Novice: 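I have a structure here, written as structure tokens, and I will follow up with some questions on it.
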Amino acid sequence: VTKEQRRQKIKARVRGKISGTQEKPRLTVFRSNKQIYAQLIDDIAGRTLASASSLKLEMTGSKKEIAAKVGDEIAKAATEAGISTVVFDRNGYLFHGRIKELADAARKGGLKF
Amino acid sequence: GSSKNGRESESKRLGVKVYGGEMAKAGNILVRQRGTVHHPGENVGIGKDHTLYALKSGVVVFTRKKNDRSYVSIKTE
Amino acid sequence: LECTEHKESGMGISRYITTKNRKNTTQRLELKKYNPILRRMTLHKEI
Amino acid sequence: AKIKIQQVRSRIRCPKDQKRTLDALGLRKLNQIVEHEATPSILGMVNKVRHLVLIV
Amino acid sequence: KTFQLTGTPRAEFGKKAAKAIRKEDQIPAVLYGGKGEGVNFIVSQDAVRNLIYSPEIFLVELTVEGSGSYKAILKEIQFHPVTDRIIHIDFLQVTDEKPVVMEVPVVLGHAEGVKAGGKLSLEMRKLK
Amino acid sequence: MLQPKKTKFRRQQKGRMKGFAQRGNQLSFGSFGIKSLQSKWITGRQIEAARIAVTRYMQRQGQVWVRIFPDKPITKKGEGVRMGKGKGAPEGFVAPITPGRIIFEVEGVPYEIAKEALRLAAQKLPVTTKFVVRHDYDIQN
RNA sequence: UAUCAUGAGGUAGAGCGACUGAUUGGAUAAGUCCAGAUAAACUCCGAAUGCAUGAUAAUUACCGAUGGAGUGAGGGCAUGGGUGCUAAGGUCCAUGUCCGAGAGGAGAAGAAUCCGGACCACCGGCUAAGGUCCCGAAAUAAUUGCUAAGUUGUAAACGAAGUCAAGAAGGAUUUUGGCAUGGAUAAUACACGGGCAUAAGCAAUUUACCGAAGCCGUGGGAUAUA
RNA sequence: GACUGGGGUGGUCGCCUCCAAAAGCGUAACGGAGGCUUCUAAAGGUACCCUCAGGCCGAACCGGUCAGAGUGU
RNA sequence: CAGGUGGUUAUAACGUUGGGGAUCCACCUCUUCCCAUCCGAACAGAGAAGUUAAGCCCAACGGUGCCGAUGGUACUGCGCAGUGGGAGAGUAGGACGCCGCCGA
Ligand SMILES: [K+]
Ligand SMILES: [K+]
Ligand SMILES: [K+]
Ligand SMILES: [Mg+2]
Ligand SMILES: [Mg+2]
Ligand SMILES: [Mg+2]
Ligand SMILES: [Mg+2]
Ligand SMILES: [Mg+2]
Ligand SMILES: [Mg+2]
Ligand SMILES: [Mg+2]
Ligand SMILES: [Mg+2]
Ligand SMILES: [Mg+2]
Ligand SMILES: [Mg+2]
Ligand SMILES: [Mg+2]
Ligand SMILES: [Mg+2]
Ligand SMILES: [Mg+2]
Ligand SMILES: [Mg+2]
Ligand SMILES: [Mg+2]
Ligand code: NA
Ligand code: NA
Ligand code: NA
Ligand code: NA
């Protein structure tokens, strides 16, 4: 059982309940062994409204603070695009750790959810 | 001699009640079924006995997806 | 061994009627249920 | 654009839907003639009762 | 190893047309394979003698009146269940390339030989 | 007597035989055979009598295939029994056949011996029959 | 009712190396492989019809509420089935239809097979099914074949092939078609309804004609809509 | 007491499922087959996380090919 | 040069052969804290020691799956196979996906 399929099953389970529209877009997160990527998606159109990542962003050496910086950045980008309400998508990851910091920072920013 | 048979239960009147293309009001029953012969889709709810009903008002749509899975949805407005 | 069970201790009074297997659950069943008289959740116990 | 349809055989022992098709065409007696604009619905009626009628 | 056959063109299709064709003692036949669309035609029960025959007579040269001339082999034959009469013949057109697999009669370890017309890959026939 | 070793259901509804046989109408496994021209229920006793005839002929040479198998149970009521009160007593198995179905096949004997043996077998069957030979057969040798 | 548009099917058929039962040969107890094959309670498939909704078209009585009922022993035929023995003028369902509650015509005579739904009168005409030698209305009409058995004009396995065609292999052999022939059979006296007919039989084609209470014509009423 | 291919004897009488049922629903027989007269304080709710059964290799464990298992009845 | 996330019912899947790597993904290194299982295998965290070996992506391959004509046949509506509807299997063949948005 590859970790890819293990996460694909959980992704299907999460999408079974969570879907994004122009209002309340889906906030999906990709982790990888380094960096972290955040995307704001309107699912009925299949079109991304906002995005943020840590590829060109570096402030500390620890992924938790880097994820917090990404969360602040995506909150800023969403509020500039005119987004106030979202629904979080785990994207097959347990809601704990770097993704938890990202979501908490996005809460400290805008994105009332 | 005698026969050991002769029993049968009442028929349950299952099946599709509102076909694709028809207009359905909210709360109308679309399908009576045992299990999910047809799965609920957009604006369609499923009850305890797997009865499919409309959550809005619109036109009933039957669609087929992967593994020939049948979905019943409601297109509104 | 399955029988009617009455939950009580309301405030008239608040009652709930359920079932249980007495051999499986010899001890008295006690659950928190909504109390219509007090409009809050109170502990009901089998009489 | 118009056809004349004459009933040439009896409707006795014919199915009720064929009898109702004769009624919808307007044929209620033998050798009666009706004139209709040859629309697809009229032609489908004539096809349904073709063994009872004649196009004159 | 070369049969000759000629075909009357066929343009009517269906149970009615096939019945009309067969009433006057002829067989509907189709030819397909390779490039180009298929050819529908009519042959005669007397004209077919490669069917009631011991050997696998490859290289049926067909001249269709409405079409050109082709070299094919027998691909499928339909028989009537009760009368055992021939009701339909389908021919596969063999080309220079694209080898065609067929059945070749066996004598005692022998064969009839398929090198020309068809390329190779002969399976067997009456392998008892 | 041919009959299934085990069966899921003891009784069967008496169905209907409709048209021509679209399978088993062509000589496979053999060179000569006999096809039915009627629709009937063939019993195991008839099949065994016909096979005994075709095997007593041909001497010990050749091979014989029987291509139908009786797997339809039938019942009979019995004398003095009125209509109703369920199914009667089981009375064996039958094979339902329609015209075109090949019943018997032979291989390994000359044309005349095959024709005579299949005639003998066909005379013990309850259906009129047609004798057939494979179309690529060579009349000599 | 028809047409068009849209939708869900699991029947007929088919298939099973898609499953579950049954299963036949093999090439190598077990398994693989090849091949052949089966099913109301098998399905990898899957029609024709039917059904639901909407819009057009043609065409007449479809729903609300109220007053009065009768019926709740059905039957035959065709089709799809169960049961029975793929028996019954048998029995149990389904879909139509007719008798019931329906007269008239043909079939010799027959509840529901074939034609056809009777307001009354007529010493008028055209037709249906079916017929045109006499009983008995209308062709001893026209043309071309077949039958020799009065077959006909209203049962089989299995023989011989009597005759006429259409062929195939090589005067003989063999195959496919039409019509006859044997198999063919109980008790008051028999049958094409009868006479009788070699066509006045069978197959085909044509033209006239006969033929009902059907249709039209003439006179006379009645019941509803406009 | 009734049903009942006369009546009696025998069997049956309410509910559930399949087939008979003719691809919507419905549809009979003393037609063909089986069940029920309960159970679970978790076998209910929710968040999260898992995946049976079978064949082979090695010696309950390892390995990789694979809807058959379960869902109290 | 690979990443993320979607639509289209595998013509899209599986597989075999071959090739990648400054970063992108991944394998990989260690369990102090968050967290987890008899087991840091999975889950979770810490930042860069080495690898394209495997995942992943690309290319060729018609191999296993998948799709699939035309013609014919089965079946079937019209109370006659006269007039309409028309499979399944099989055979020709096809197919190693096609369309979006974001980031580099
Ligand atoms: K009745
Ligand atoms: K008579
Ligand atoms: K076809
Ligand atoms: Mg039921
Ligand atoms: Mg069938
Ligand atoms: Mg009564
Ligand atoms: Mg009654
Ligand atoms: Mg009766
Ligand atoms: Mg009466
Ligand atoms: Mg009547
Ligand atoms: Mg006249
Ligand atoms: Mg006269
Ligand atoms: Mg007479
Ligand atoms: Mg009159
Ligand atoms: Mg009684
Ligand atoms: Mg039904
Ligand atoms: Mg039906
Ligand atoms: Mg097909
Ligand atoms: Na019943
Ligand atoms: Na006589
Ligand atoms: Na297929
Ligand atoms: Na096919």
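Computed over heavy atoms, backbone and side chain alike; hydrogens, waters and symmetry mates excluded. To find a chain, count down the sequence lines: A is the first, B the second, and so on, and within it residues start at 1.
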Novice: Considering just the side-chain nitrogens and oxygens of F:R11, establish if one lies under 4.0 Å of OP1 or OP2 belonging to H:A20.
Specialist: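 It does not, given that no N or O in the side chain of F:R11 lies less than 4.0 Å from OP1 or OP2 of H:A20.
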
Novice: Base of H:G24, side chain of B:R13 - is there a donor-acceptor contact under 3.5 Å?
Specialist: no

Novice: Does a distance-only test, which skips hydrogens and angles, find a donor-acceptor pair under 3.5 Å between the side chain of A:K63 and the base of I:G47?
Specialist: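 Looking at the base of I:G47, it does pair with a donor or acceptor on the side chain of A:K63 (distance under 3.5 Å).
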
Novice: Output yes if the stacking criterion (under 5.5 Å between centres, under 30° between planes) is met for B:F62 over the base of G:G7, else no.
Specialist: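 Check failed, B:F62 does not stack on base of G:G7.
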
Novice: Determine the Euclidean distance between corresponding P atoms of G:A30 and G:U23; express it in Å to zero decimal places.
Specialist: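 About 14 Å, rounded to a whole number of Å.
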
Novice: Is the F:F131 ring parallel, tilted or perpendicular to the F:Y111 ring (thresholds 30°, 60°)?
Specialist: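 It falls in the perpendicular class, over 60°.
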
Novice: Give a yes or no on whether a donor-acceptor pair under 3.5 Å exists between the nucleobase atoms of I:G7, that is its base, and the side chain of A:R47.
Specialist: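 By the distance-only test, no, there is no pair.
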
Novice: Generate the contact string for nucleotides 220-226 of chain G. Rules: B means base contact, S means sugar-phosphate contact only, - means no protein heavy atom under 4.0 Å.
Specialist: -------

Novice: Name all residues meeting the salt bridge (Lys or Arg N to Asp or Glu O under 4.0 Å) criterion together with F:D71; count only those two or more places apart in sequence or in a different chain, and write none if there are none.
Specialist: none

Novice: Between the base of G:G82 and the side chain of F:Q13, is there a donor and acceptor pair under 3.5 angstrom?
Specialist: no

Novice: Can you tell me whether the side chain of E:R10 and the base of I:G71 have a donor-acceptor pair closer than 3.5 Å?
Specialist: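 Between I:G71 and E:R10, which were checked side chain against base, a qualifying N/O pair under 3.5 Å is absent.
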
Novice: Ignoring hydrogens and angles, does a donor from either the side chain of B:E8 or the base of H:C19 sit under 3.5 Å from an acceptor on the other?
Specialist: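 Such a pair exists between side chain and base.
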
Novice: Over how many whole Å does the gap from F:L27 atom CG to G:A37 atom P extend?
Specialist: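 Distance check: F:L27 CG to G:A37 P gives 11 Å.
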
Novice: I:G79 phosphate, OP1 or OP2: any side-chain N/O from D:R13 under 4.0 angstrom?
Specialist: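 So the side chain of D:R13 is outside the cut-off, no N or O lying under 4.0 Å from OP1 or OP2 of I:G79.
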
